[PDB]
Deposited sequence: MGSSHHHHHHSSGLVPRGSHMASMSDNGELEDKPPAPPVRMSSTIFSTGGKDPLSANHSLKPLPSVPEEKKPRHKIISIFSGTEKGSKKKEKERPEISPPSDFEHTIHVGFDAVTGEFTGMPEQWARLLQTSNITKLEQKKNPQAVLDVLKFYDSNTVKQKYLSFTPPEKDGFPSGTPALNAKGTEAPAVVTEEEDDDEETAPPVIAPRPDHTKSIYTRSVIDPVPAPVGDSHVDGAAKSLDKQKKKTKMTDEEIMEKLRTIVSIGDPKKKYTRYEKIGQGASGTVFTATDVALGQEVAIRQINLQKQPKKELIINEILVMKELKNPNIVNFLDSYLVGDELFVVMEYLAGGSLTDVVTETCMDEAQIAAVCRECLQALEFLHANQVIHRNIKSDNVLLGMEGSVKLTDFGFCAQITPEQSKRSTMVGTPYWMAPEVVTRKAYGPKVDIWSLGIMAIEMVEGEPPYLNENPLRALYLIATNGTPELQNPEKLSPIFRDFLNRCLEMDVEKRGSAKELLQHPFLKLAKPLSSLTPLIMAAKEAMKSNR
């Protein structure tokens, strides 16, 4: 243990592991004397990046179908290789609908029984604003888990390739809040609200995705990238409630006027440092947008956790009543795709 620094001096009592992370970073020694505890919390954060065959079968007895996913599905394009599975995107050979396919090796899985029990829960959670469950298939030792997918891409390729005005953002943010309203009421914390994980349909539809399933279903729980979307309570390894998702939605709206999120420029350690120390990132260009929007941002991005809004309160915000109908998003999907 035994670690702090000298005031106007340097750290003493630190591992070589943490001192190397500190040196190879962009965190300048001014920024280390400025707030040495915030340094110590981000390093500690950065370092934290018996079921036999009859048991597995009887928990799977309600999700598995018979059928061959290699005949039933095509356009197999790899999309993800998260720590708890692989994620393909595929096309249903009948009916033409696009699908997500999660491939889980059961025999090699760390903590199989929870991975399975989470599937049993989203099987019982239907909402129009989340990707619903479709089917599972057992292939030898390799569970396949099929999910909804939507034709129009992510929010990201819209956000980075057109210009959304406030009433189109109001439509999208009101959709997400209905999802978090339902989700948080059934005791789930999403933990990963960002633009890559919002899926748009061609009709204008908004659905919310956790294909890595890094979602708190039971009490439990950064090579997941530069973590711009994380709330301040997350990164001090303070314990956290569902209010972190309200913060992460507020970072998504900044991405939706600036075109990009704050702190995506910089590497994850300095970026984690900045979330801890700056608090609210709101300052980028406040004159380009209305008073009625900025008050919505200042209830999403509160520092006091009780001062932050919950999803049900924020659904009655007057910025949300600006919302254009969802079909207004339709040409923006098209404009991204021909750019190619």
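Peer 1: Numbering from 1, run down the deposited sequence and write out every stretch that has no C-alpha in the structure.
Peer 2: No coordinates exist for the deposited residues in 1-107, 157-248, 421-424, 544-547, so these stretches are absent from the model.
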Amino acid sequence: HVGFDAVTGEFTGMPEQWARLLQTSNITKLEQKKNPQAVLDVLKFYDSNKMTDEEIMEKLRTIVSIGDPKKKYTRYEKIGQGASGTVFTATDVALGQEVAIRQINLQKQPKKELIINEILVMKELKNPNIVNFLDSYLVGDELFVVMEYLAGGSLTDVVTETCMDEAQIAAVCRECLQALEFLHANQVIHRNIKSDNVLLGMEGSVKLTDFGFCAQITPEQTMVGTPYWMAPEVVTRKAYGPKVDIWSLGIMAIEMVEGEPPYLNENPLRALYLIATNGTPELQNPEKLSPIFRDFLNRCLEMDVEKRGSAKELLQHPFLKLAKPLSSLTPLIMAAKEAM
From here on, numbers count along this sequence of modelled residues.
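Peer 1: Test of understanding: from the entry's C-alpha B-factors, which stretch has the higher mean, 276-284 or 302-310?
Peer 2: The entry gives the higher C-alpha B-factor average to 276-284.
Peer 1: Higher mean Cα B-factor in the deposited model: 39-47 or 292-300?
Peer 2: It is 292-300 that shows the higher mean C-alpha B-factor.
Peer 1: Just the C-alpha B-factor column, please: which of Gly140, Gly96, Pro227, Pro232 has the biggest number?
Peer 2: It is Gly96.
Peer 1: Considering only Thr91, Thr218, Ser248, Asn186, which residue's Cα atom bears the greatest B-factor as recorded?
Peer 2: Spelled out: the listed residue with the top C-alpha B-factor is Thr218.
Peer 1: Rank-wise, by C-alpha B-factor, drop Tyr73 into the lowest, middle or highest third of its chain.
Peer 2: Ranked within chain, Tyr73 CA B lands in the lowest tercile.
Peer 1: Sorting the chain's CA B-factors, does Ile66 end up in the lowest, middle or highest third?
Peer 2: Bottom third by C-alpha B-factor.
Peer 1: Tell me, lowest, middle or highest third: where does the Cα B factor of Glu58 rank within its chain?
Peer 2: For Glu58, whose C-alpha B-factor we compare with every modelled residue in the chain, the answer is the middle third.
Peer 1: Which third, lowest, middle or highest, does the CA B-factor of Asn127 fall in along this chain?
Peer 2: Tercile = middle for this residue's CA B-factor.
Peer 1: Relative to the other modelled residues in the chain, which third contains the C-alpha temperature factor of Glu148: lowest, middle or highest?
Peer 2: Tercile = middle for this residue's CA B-factor.
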